[PDB]
Every structure is written in structure tokens, then in C-alpha cells.
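A quick write-up on the structure given underneath.
Throughout, a chain's letter reflects where its sequence line sits, starting with A, and its residues are numbered from 1.
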Amino acid sequence: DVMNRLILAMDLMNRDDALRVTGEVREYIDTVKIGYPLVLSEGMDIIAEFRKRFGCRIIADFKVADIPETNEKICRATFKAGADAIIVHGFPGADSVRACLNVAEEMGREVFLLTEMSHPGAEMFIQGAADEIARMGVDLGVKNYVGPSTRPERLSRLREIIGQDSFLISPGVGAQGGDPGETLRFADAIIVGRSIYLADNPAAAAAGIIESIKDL
Amino acid sequence: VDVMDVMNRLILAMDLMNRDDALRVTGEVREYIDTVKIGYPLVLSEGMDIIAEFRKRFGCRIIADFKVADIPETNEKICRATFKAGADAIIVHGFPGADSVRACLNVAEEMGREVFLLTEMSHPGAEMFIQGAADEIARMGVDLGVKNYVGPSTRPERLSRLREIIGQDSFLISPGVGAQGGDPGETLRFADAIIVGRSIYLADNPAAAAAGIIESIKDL
Ligand SMILES: O=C1C[C@H](C(=O)O)N([C@@H]2O[C@H](COP(=O)(O)O)[C@@H](O)[C@H]2O)C(=O)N1
Ligand SMILES: O=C1C[C@H](C(=O)O)N([C@@H]2O[C@H](COP(=O)(O)O)[C@@H](O)[C@H]2O)C(=O)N1
């Protein structure tokens, strides 16, 4: 359950700037997605902190895409650092995703499978494997997925593959071009990045987005 | 000669997760290699500063094995942060497409660092989707101006195919020799250097582990 179905993609690289725009919209969010831009430039402890300076839940968007052995070490350190869930790439195959799954289960945490990406280059290879990846995701027993809001049609097919009792979230809303309304029809929640943390007033953006979909 | 050469054609994949063991083990094999591959296992446990530290204390070049695989905008920040940390190079995935790779290349060009494109991976799972796109990712990397690549030693027939695609003038490094089954000798028929992790850092005696690989290759 994600408050207001919205997830903050705190992608600012300044620690303070981060805990700021994050505080300037704390009201409308309870789930934060944190990536490498912030973590590498400020350290993994920027996570265990968030889980207090804001009490929110943290999804580590690390797109794990290595061999099984290394994926296991990466997931361990991300969870030890105290992350609630970690986003994993599916293109490396089923043994690599399985490695992340074991660790999540061993530590009682969550794995999110990224099936398709939102950006343009995604057409070359990712798109043609998307469905097969989502399906691998089902054979593997994955219950959490990430899909592109930049492609409403794919987003609907994804929901068809994963089922109704699978959790789904969607990036690409706003800057990349996705609409917060169309997207929420198949996915359990959206993820908005730049469209918030870069507006003259981030507080008055994560307010309007909630308005454009406070109906549902 | 345009690309930096690797001492003894051997790159150490330092994936131990605690600062002291990483330092201790790397120090022991210093006289044998001058390039060190530092990935997320160490960097997420000890921090990115570990990158400048190794680079200073050992005088070795550092390849950040981060497998950048995000959208262009984010890949740019990951590369800028990695280079700001002092890495000499950064490994990038190709599957996300040409725009994602180009974003890494711009920053590398801007800051005077290098990009290695990972085309095909060495684990079994790699057969499911990356193998099928491997030749095209390689060819895509070539057309983008990529001069450094990573190909799998666990499949000489594939490493060979990739060498033909990228040609004789570009730099190819290959992981998977040792713990994964690749042979130092065969791999080097096509790769300029091999990446070795566990066979050295989980060995009773790392230096001997390294000296013994360097030895069986000395002739070839
Ligand atoms: O396919 C993907 C993978 C990844 C993800 O969601 O896992 N993201 C992340 O979503 C954020 C951009 O949202 P914004 O700033 O454009 O509004 C960044 O943190 C991206 O790395 C994508 O956008 N597309
Ligand atoms: O295809 C790949 C991708 C990646 C890479 O080389 O970029 N690696 C890395 O090579 C090291 C293992 O060498 P060892 O410990 O098995 O000796 C780890 O750091 C892996 O993440 C692979 O092994 N296979």
C-alpha cells in the first residue's frame, strides 16, 4: 500500500537538497524510491537515515544486472543498509533474478522486477523481450514488477501477464511523457521524478498530481 | 596502442566486501597486476571513497564494474559520480539501447575517462536474452565509437564471434575464468586481458594464485 498511489523518485544528488524536496512533499508520500545518483554521491547510509528523518519506505532502484553470485552480494548490502525493496533487471536471465529472490526471502525483504524500460533506446532490445521477461517473472514467482507508463499499451499487457494479485509500479510519468491518469488504470502506483523535485515548488506539484487523480 | 595496456593481461575482480580484506588481498597481488576492477559489492559496503584509496595506495588503474543500465539522464549522473570518485573506466550494459550507452560515452569524453561496453555475459542465465542480442550490441557499440568491451570466457565460440565483430584494434576484456570455468589460455586467444575474482581473493594464498595464472600465460 502506497499513500496516494504516488512514489517519490528522489533523484537529486545533494544530500540536503534531497532531504529537502523530500520534506517539501512529505505530506503526499510515504514511499520513496532512491537510486544510484543519490546513494553513490552521499553513501548507503543516506538510506538508513531516510527511514527516520522521514519514517518512509525505501525502494532501492539499483537495477541489479550482474551474474547470480554478484547479484546476491549487491542485494545483501542493500538490505543490510536497510532498504525495503530493490529493483532488479530481468534481461540478465532467470538465474540472476533468482539470486536476488533468495536474498530477499532470506532477509524478509522485496524484489521488484523491471520488465520494460521507459526511454527510447528501450526499443532496440528490451521491448522485444518484455513479455518473456514478465513471464519469467511469473515462473520465478515474482510478485512485484515495474513497467513503463510511457507505453500505456505495454502497461496493460504487463498486467495481463503478471495477474491481478501482483504489485505493479510505473515510471516515465511527467518528464518522459506519461500521464498519471492513463497509467494508474493498470498499475498500483506511479513514480514521478523530475516533475516534482525540479519544480519552482515541489510541494505544489505533488499536490496537483494528486488532484489530477484524486478522483479514483 | 591507443588503449592502456594491462600488466600481465590480468585484471583482479576485487569483490571481497570488507575494506581490510580487500586491501590486504589486493596488496598481496600488487606486484602482479596493475588494473583493478571494483564493483558494487565493495563500493556499497565501504563507500565510493574506496575507489580513490585503492588508486592511490596501489597506483593501479580502476575499472568501476557498475553495469550502468538506466535511462540516459540517470546514466549520466552515475558516470559523473563514478569519475568524480576517480575511476578510470566504467562498465556499461548495452541491452538498454544506443541512447543509454551514448549518455555514458558523453560524460567519459567530457571528463577524459573510458567506457567498456558489456555485450554478452558469462553466466548461464545469459543465454535467455543477452546472447540473442550480443552480436548487435557489439556492432552497436562499434558504430557508437566504443573501443573497450567485455565478453564471456565461459563461451570461447562467442568470445571469438565478438572479437570478429569488434575487430583487432579494439580492447576486449573477459571475465569467467576460474570459478566460472574459463581457461586463462583459451580466453586470451581473443581477449586482450582476463578478469579474475574468486580464484585469487578466496585462495589460501592469493599471490601464489596470481603468480600461477600469470605463469601459465607467460608462454602464450
Ligand atoms: O524504465 C525505467 C527504469 C527506472 C525505474 O523506474 O526502475 N526509471 C527511473 O525513474 C526515474 C525517472 O523518473 P522521471 O524523473 O523521468 O519523472 C529515474 O530514477 C529513473 O532511473 C525510469 O524512468 N525508467
Ligand atoms: O558477464 C559477467 C559480467 C561481469 C563483468 O565482467 O562485467 N562479471 C564480473 O566478474 C567478477 C567475477 O569474477 P570471478 O569471481 O567469477 O573470477 C564479478 O565482479 C562479476 O560481477 C562476470 O563475471 N560476468
Side-chain angles (χ1 to χ4, degrees), chain A residues 9 11-13 35-45 60-78 80-81 89-99 114 117-129 132-133 136 171-172 175-176 193-194, chain B residues 13 15-17 39-49 64-78 80-82 84-85 93-103 118 121-134 136-137 140 175-176 179-180 197-198:
Chain A
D11 292 287
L12 294 173
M13 293 159 80
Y36 276 142
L38 172 61
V39 151
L40 298 183
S41 76
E42 289 300 329
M44 285 301 260
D45 292 9
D61 194 348
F62 294 176
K63 295 179 180 54
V64 188
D66 213 303
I67 63 179
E69 296 60 50
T70 302
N71 278 8
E72 292 219 357
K73 295 182 190 177
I74 291 166
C75 299
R76 236 174 256 297
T78 305
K80 164 169 175 167
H89 259 303
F91 72 77
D95 53 355
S96 286
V97 176
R98 166 52 70 217
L114 178 51
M117 294 188 84
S118 53
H119 65 305
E123 310 217 297
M124 300 181 68
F125 325 102
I126 284 170
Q127 178 138 38
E132 233 181 301
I133 289 177
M136 179 193 60
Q176 297 183 66
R194 288 166 287 182
Chain B
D15 298 305
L16 282 173
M17 296 165 80
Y40 281 139
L42 173 51
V43 151
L44 298 181
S45 307
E46 304 291 2
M48 290 285 269
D49 290 327
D65 191 349
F66 293 177
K67 296 179 177 55
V68 188
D70 213 305
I71 63 180
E73 296 60 52
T74 301
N75 278 8
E76 232 131 20
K77 307 199 223 294
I78 286 174
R80 205 171 291 284
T82 303
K84 165 164 186 183
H93 260 296
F95 209 80
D99 51 1
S100 293
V101 174
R102 165 55 61 187
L118 174 56
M121 288 176 84
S122 67
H123 63 307
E127 299 176 293
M128 293 183 72
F129 314 104
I130 308 193
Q131 175 164 282
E136 192 183 341
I137 290 171
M140 170 189 73
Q180 289 179 74
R198 287 161 290 165

Using the ring centroid of each side chain, check whether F95(B) and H89(A) are separated by less than 6.0 Å. no

Examine whether an atom of [X] lies under 4.5 Å from a heavy atom of chain B, and if so say whether it belongs to the side chain, the backbone or both; otherwise answer neither.
X: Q127(A); value: neither
X: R98(A); value: neither
X: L114(A); value: neither

Specify which of [options] makes the most heavy-atom pairs with chain A at under 4.5 Å.
options: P124(B), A81(B), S122(B), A126(B); value: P124(B)
options: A85(B), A69(B), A133(B); value: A69(B)
options: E73(B), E76(B), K84(B); value: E73(B)

Heavy-atom closest contact ([X] atom, [Y] atom, distance):
X: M124(A); Y: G97(B); value: SD-CA, 3.9 Å
X: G125(B); Y: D95(A); value: N-OD2, 2.7 Å
X: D15(B); Y: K73(A); value: O-NZ, 3.5 Å
X: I126(A); Y: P96(B); value: CD1-CA, 3.6 Å

Determine whether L44(B) and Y36(A) satisfy the following criterion, side-chain contact (heavy atoms from CB on, under 4.5 Å), listing intermediate values before the conclusion. CA-CA 10 Å; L44(B) 298 181; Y36(A) 276 142; 3.9 Å; yes

What option among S41(A), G43(A), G90(A), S96(A) has the most heavy-atom pairs under 4.5 Å with chain B?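 Most heavy-atom pairs under 4.5 Å with chain B: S96(A).
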
If you count heavy-atom pairs within less than 4.5 Å of chain B, which of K63(A), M44(A), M13(A) leads?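 Option with the greatest count: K63(A).
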
Check whether any side-chain heavy atom of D70(B) sits under 4.5 Å from a side-chain heavy atom of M117(A), and report yes or no. yes

